């Protein structure tokens, strides 16, 4: 994005600090190159001269104004992708009710009852429960009135900047590279879910390479489905981005919202409008009010789906700008936001696409960064996707998501107070795919203090989950 204006104001929006994450028993054993994010300017782990306030908004280095020919090319790729998407999903994209938007539907989770409410409610000292009744699924006078302004297209708001309390690598703690969640007002999240929640639920249900989205997937069961698909192709690539959601140019966002969320595909007219309010935004941090043109706000519920849709359109755009006669069946891909795995039988020169991705404001590099550039001949077993590799389970003959042991060591080393037992059971599901010996080693520090699931139990759970016929047929 491009920072066009920077004001100073009386009303101080506090970005309440301190980490809730504390070290575990495993921290002393593994000693990971990782730690809690720098949430304070007075944090001693930061380098000398590094102001935490400026490092956050340094990602906004411009809003790339696309050429008239490029914008025409981008709209074709947006409509072509939207054609594929709405053909698979259907056109049942009518607005959710206020009840269904709060409480959710099949394929879409319920709204969180005690997360931050955004502005101006955080300054007034209100929680989400004061505004919205999450049990009954109804709204108070304040939210009700705000939804009327959105129907008339007169709603104004400012995003509350929120420092993401998470585990990061030491280099990024020292450099002050703390990621942020642009917390929009709860009524905006309510109305966005009203306008496109039906579409989002349908995308979650139909996740796969045909629509090119892994959002709403379950890696345990879906790695076999994705694994066998990408294994068929001669070439596979996994691409990285530098500040993907920030570098979405306003032209690319507007064109996408125009072509994907049309009234002809069953949407309300305000579906395009409410999404278009994310293009030019005002961000509140301490006493500052930074106005940013372009870029997606980080963490606004539909961020994953919007980034995934844009990632699909960029690949079609980039290949058509370089090669001739490129269609959707020329290649295949799967995406989760910035995360991406592309594949094709044609020897596609991904190194040549760098200038073509640069016309969107995006900088592409290979995830396998040991090589100097992109190369042909890589299979699915080489790539990373959702921090997981595609390894063959030799017992069943299925693909399984295997995370790196350094990542599992880092995850286990820290936890929020009084959530370790819950976290170990969750992390055990991720760790089982590394094998029995590596599973025993990762949970050795927690033996005696907490309940560690057996390798045997979580293996048998997984074999049924991925294929019920496989587990059933094994019993004869």
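Positions refer to the first chain, counted from 1.
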### Query
Once you work out the mean C-alpha B-factor for both 398 to 406 and 136 to 144 from the entry, which is higher?
136 to 144
### 292 to 300 versus 84 to 92 - greater average Cα B-factor per the deposited record
292 to 300
### Query
Going by what the PDB entry lists, where does residue 457 fall on CA B-factor within its chain: lowest, middle or highest third?
lowest
### Task
Determine, from the deposited record, the chain-internal third of the Cα B-factor for residue 287: lowest, middle or highest.
highest
### Query
Lowest, middle or highest third of the chain for the C-alpha temperature factor of residue 241?
middle
### Summary
residue 420: CA temperature factor from the record, placed by chain third, in the middle
### Message
Test of reading the entry: by CA B factor among the chain's modelled residues, which third contains residue 339?
### Response
lowest
